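We begin with a single chain expressed as structure tokens, specifically the form deposited without the partner chain.
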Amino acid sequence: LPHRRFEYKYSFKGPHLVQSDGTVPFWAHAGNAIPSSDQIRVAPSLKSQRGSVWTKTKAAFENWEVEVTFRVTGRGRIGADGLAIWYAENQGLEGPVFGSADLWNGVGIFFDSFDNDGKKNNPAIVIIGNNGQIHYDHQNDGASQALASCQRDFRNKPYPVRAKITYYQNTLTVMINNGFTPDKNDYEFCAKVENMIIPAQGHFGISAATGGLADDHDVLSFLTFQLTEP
């Protein structure tokens, strides 16, 4: 097991997430993102919303882990459109891609709620690498652009969902706790990419959006760790 060192300057959590200025320390909020004390509501359950939180400053970690705790809540069996967890070269503030800009340099892990391509394969968790040249294909849930993916129902859980995403030794892994139980540490394997290269310095980002249907997408915490091989 690599040793995990916490990096607060790249992190946020309650019970006092928003400062009186309305800011969350070390992070920048844009669009329809709403910061509260317990969480950020990155997109509210309204039609056509885009939100996003990014770290102010770049990080140069050879290996890192990010732990993200969230909820996607909707009235109905079906919800839209999802979340995206980001590690890129530049903060991407506005885009068609879950509310963040298209043509990114880095990797986005997308928790896609809505079945655009009507394959009946949603909700899904997708991993997509990009070098600044790709254009994400929404209409297709980016099915053709995935490095890897899993199917996972992250909507309407009794407890918050958590995603543990690790870049260690050129491997990007995604573990999910499905919110079935109060046990925090109950992760199951969702997906991995091997031999993956991403930028040496980057911004850790979170984005959300809604279209014709909408859910509230809330992030309780974002915690970042640098990892060292021991």
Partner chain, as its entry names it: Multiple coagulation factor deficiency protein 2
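Residue numbers count along the first chain shown, from 1.
In what follows, reference is made to the form deposited with the partner chain bound, a form of this protein that is not presented.
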query: Contact stretch among 45-53, 175-183, 23-31, 190-198 - heavy atom within 4.5 Å of the partner chain in the deposited complex; finding: 23-31
query: Distance check, residue 212 to the partner chain in the deposited complex, heavy atom within 4.5 Å; finding: no
query: Interface residues of 1-38 toward the partner chain, as seen in the deposited complex [heavy atoms, 4.5 Å]; finding: 4, 5, 6, 8, 9, 11, 12, 13, 15, 16, 19, 23, 24, 25, 26
